[PDB]
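These notes are about the structure you will find just below.
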Amino acid sequence: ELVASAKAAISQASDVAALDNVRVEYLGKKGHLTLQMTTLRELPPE
Numbered sequence: 006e007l008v009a010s011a012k013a014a015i016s017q018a019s020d021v022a023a024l025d026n027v028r029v030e031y032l033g034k035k036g037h038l039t040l041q042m043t044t045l046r047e048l049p050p051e
């Protein structure tokens, strides 16, 4: 969940990539994984 649901919408979007628009999914997905890494300000510090 989420950890793999975001990667499921990432690799599937990079499957039907006609031209070299792999860089465009590189933008939104690595932006999602750079933004959903901001949730590391919670959780136990252990």
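So for the sequence shown, the authors' numbering puts the first residue at 6; every next one is plus one.
We treat Cβ as the ideally placed atom computed from N, Cα and C, and that holds for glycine.
inquiry  = Just to confirm my understanding: we take residue 3, look at its own chain, exclude 5 residues before and 5 after, and list those with CB closer than 6 Å. What are they?
reply    = Residue 3 falls outside the range modelled here, since the chain spans only 6 to 51, and no answer is possible.
Cut-off 8 Å between Cβ atoms - residues of its own chain near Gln-41, not counting five sequence neighbours on either side: What you label residue 41 is simply residue 36 of the sequence shown in a count that begins at 1. Cβ neighbours of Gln-41 beyond the five flanking positions: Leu-7, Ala-11.
Checklist entry - For residue 4, which residues of its own chain have a beta-carbon under 7 Å away from its beta-carbon, when the five flanking residues on both sides are left out? => result Here the chain comprises residues numbered 6 to 51, so residue 4 is not present and cannot be evaluated.
| Assigned secondary structure, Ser-19 (DSSP; H/G/I helix, E/B strand, else coil) | Position 14 of the sequence shown, counting from 1, holds the residue named residue 19. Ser-19 sits in coil when the DSSP states are folded into three classes, being neither helix nor strand.
TODO: Specify, as a first and last residue, the run of the alpha helix (DSSP H) that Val-27 falls within.
DONE: One-based indexing of the sequence shown puts residue 27 at position 22. Its alpha helix (DSSP H) spans residues 27–40.
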